[PDB]
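Engineer: Protein sequence lines correspond, in order, to chains A, B, C, D, E and F.
Here the working numbering is used: the first residue of the first sequence is 41, the next is one more, and so on.
Here the working numbering is used: the first residue of the second sequence is 41, the next is one more, and so on.
Here the working numbering is used: the first residue of the third sequence is 19, the next is one more, and so on.
Here the working numbering is used: the first residue of the fourth sequence is 41, the next is one more, and so on.
Here the working numbering is used: the first residue of the fifth sequence is 11, the next is one more, and so on.
Here the working numbering is used: the first residue of the sixth sequence is 14, the next is one more, and so on.
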Amino acid sequence: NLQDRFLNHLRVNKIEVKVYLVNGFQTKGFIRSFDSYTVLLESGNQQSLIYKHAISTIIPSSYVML
Amino acid sequence: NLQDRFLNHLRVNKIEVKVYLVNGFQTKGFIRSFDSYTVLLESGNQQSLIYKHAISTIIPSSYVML
Amino acid sequence: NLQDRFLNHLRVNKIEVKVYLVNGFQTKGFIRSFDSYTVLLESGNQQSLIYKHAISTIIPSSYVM
Amino acid sequence: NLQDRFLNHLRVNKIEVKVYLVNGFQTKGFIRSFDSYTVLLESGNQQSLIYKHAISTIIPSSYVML
Amino acid sequence: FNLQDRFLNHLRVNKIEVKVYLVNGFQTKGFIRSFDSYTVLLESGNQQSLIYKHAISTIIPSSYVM
Amino acid sequence: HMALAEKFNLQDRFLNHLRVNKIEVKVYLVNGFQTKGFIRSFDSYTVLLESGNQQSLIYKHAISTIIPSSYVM
RNA sequence: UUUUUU
């Protein structure tokens, strides 16, 4: 399925993303890990466990070919 | 049924859509694929993985008949 | 059950509806079609595929039984 | 279970309710019926079909009990 | 182990007052008369509110629990 | 004899790490609001956040982001 | 707690 193949690609290849949340904030960093309900997004120093339901859209810094 | 016939129609025939997010923002693009939970939009060589729970409306640019 | 009978009553009597979305905005059209998760709303040649999870209220122009 | 015992008690007895929506709007009326996902709310000629995921609070006109 | 129902049941049967915070920014203070899987009945005087759990962001008790 | 399987549950593993090592977290709510505290407990739908005297039963569906005070592992 | 009630 699309979601987890897209996400793993961004994980293994360490592509940097912008993550827009439904409340309106945004954050960037690298998807270190993810499960069914959360994404762990690290930005060098800082970690953010992010709930998928709060994510609006993930936008990669470089083109993902699957 | 309806939802997947409609998205596939927009994907096969490469019709451009406006997607309206539940937090007021909006995006233009082409549906390049989709699963249960997400829609992969594309415009200007840029990609947006978009969670369906964040979409309120999809408005095709051209009339779709099923 | 209540929702499909209500939705379908509006599909086949071609009753116009206002559709209030959870986020404040508001549409208006005819229910062309629907399924578990979406509603196909048409006004003229404009189609809106609308996610139910994003729908607050559906208010018909007429009365429904 | 509480939700449907409560809703159906207000349906039969014809107790007026205020309905507070997640978006901050508020309807007032009578629950003519309901299923697992919506509430059919009526006051006069006016007929609101309301999605439960959109409702925050229902507030009766009169104490309800069992 | 069920954190939610044990916490809510403790509030219910020791009649602790709570402040219930809604995702839309409203708030409401009362006692938990009752709850099932989707809703909470919050009573204050002869006022009753059926609250949908999907609209609650937080419950803050005015006493301490255990 | 070997044990059986997993899988990777990232959510529980990260929360339980925060809970037992008493790492202060900042919690962002989907309505924009935020709060601080220590995870005392959690289940499928809720997290118990204690800060001093205050206890908060926060619903997960209302949580946007959890930022810990220290790096996790 | 990822597309119609935690």
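The beta carbon of each residue, even a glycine, is placed where N, CA and C say it ideally should be.
1. Between F:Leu17 and the rest of its own chain, which residues show a CB-CB distance below 7 Å, the 5 nearest in sequence each way excluded?
2. Using 10 angstroms around the beta-carbon of A:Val52, count the other beta-carbons present and answer buried if the total reaches 16, otherwise exposed.
3. In chain order, which beta strand (DSSP E) runs of at least 3 residues are fully inside the region 16-68 of chain E?
4. Measure the C-alpha to C-alpha separation of A:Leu106 and D:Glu56 and round it to an integer number of angstroms.
5. Below 7 Å on C-beta distance, what does A:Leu47 contact in chain F?
6. Nearest to F:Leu23 by alpha carbon, out of A:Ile98, A:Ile95, A:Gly84 and A:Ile90?
7. Below 7 Å between beta carbons is the criterion; list the residues of the region 80-105 of chain D that meet it against any residue of chain E, in chain order.
8. Determine the contact status of C:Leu28 and C:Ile73, defining contact as a CB-CB distance below 8 Å.
9. Can you tell me the Cα-Cα spacing of E:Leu18 and B:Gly69, whole angstroms?
10. Just to make sure I have the definition right: I need the residues of chain E whose C-beta is within less than 7 Å of the C-beta of D:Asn41. Which are they?
11. Would you report the Cα separation of B:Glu82 and B:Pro100, rounded to the nearest angstrom?
12. Name, going along the chain, the residues of the region 53-67 of chain D whose beta-carbon falls closer than 7 Å to a beta-carbon of chain C.
13. Exposed or buried, what is A:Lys54 when buried is set at 16 or more other beta-carbons lying within 10 Å of its beta-carbon?
14. Report back the beta-carbon spacing between C:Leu58 and C:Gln64 to the nearest angstrom; my notes put them in contact at under 8 Å.
15. Of all the options C:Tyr55, C:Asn41 and C:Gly42, which has the alpha carbon lying nearest to the alpha carbon of C:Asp22?
16. Going by C-alpha distance, which of D:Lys92, D:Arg72, D:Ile98 and D:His93 is nearest E:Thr38?
Structural biologist: So, to answer that:
1. By 1-based counting over the sixth sequence, the position of residue 17 of chain F is 4. Around F:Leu17: no qualifying Cβ.
2. Numbered from its first residue, the first sequence carries residue 52 of chain A at position 12. Counting Cβ neighbours within 10 Å, A:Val52 comes out exposed, since fewer than 16 surround it.
3. 27-32, 37-45, 49-54 and 57-62
4. In the first sequence, the residue the question calls residue 106 of chain A occupies position 66. In the fourth sequence, the residue the question calls residue 56 of chain D occupies position 16. Rounded to the nearest angstrom, the two C-alpha atoms are 56 Å apart.
5. In the first sequence, counting from the first residue as 1, residue 47 of chain A sits at position 7. Those within 7 Å of A:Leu47 in chain F number zero; the least Cβ separation is about 12 Å.
6. Counting from 1 along the sixth sequence, the entry for residue 23 of chain F is found at position 10. Comparing Cα positions, the closest option is A:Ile90.
7. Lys92, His93, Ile95, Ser96, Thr97, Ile98, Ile99, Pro100, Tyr103 and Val104
8. Position 10 of the third sequence, counted from the first residue, corresponds to residue 28 of chain C. Position 55 of the third sequence, counted from the first residue, corresponds to residue 73 of chain C. Taking 8 Å as the Cβ cut-off, C:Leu28 and C:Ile73 do not qualify as a contacting pair.
9. Translated into positions along the fifth sequence, residue 18 of chain E becomes position 8. Translated into positions along the second sequence, residue 69 of chain B becomes position 29. Their backbone Cα atoms lie some 46 Å apart in a straight line.
10. Here residue 41 of chain D refers to the residue found at position 1 of the fourth sequence. Those within 7 Å of D:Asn41 in chain E are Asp46.
11. Taking the first residue of the second sequence as 1, we reach residue 82 of chain B at position 42. Taking the first residue of the second sequence as 1, we reach residue 100 of chain B at position 60. Using only the alpha carbons, I get a separation of about 14 Å.
12. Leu61, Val62 and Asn63
13. Here residue 54 of chain A refers to the residue found at position 14 of the first sequence. Label assigned to A:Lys54: exposed.
14. To locate residue 58 of chain C, count along the third sequence from 1; it is residue 40. To locate residue 64 of chain C, count along the third sequence from 1; it is residue 46. Their Cβ separation, rounded to whole angstroms, is 11 Å, which puts C:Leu58 and C:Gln64 out of contact at 8 Å.
15. Translated into the one-based positions of the third sequence, residue 22 of chain C becomes position 4. Considering only alpha carbons, the answer is C:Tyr55.
16. Position 28 of the fifth sequence, counting from 1, holds the residue named residue 38 of chain E. Comparing Cα positions, the closest option is D:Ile98.
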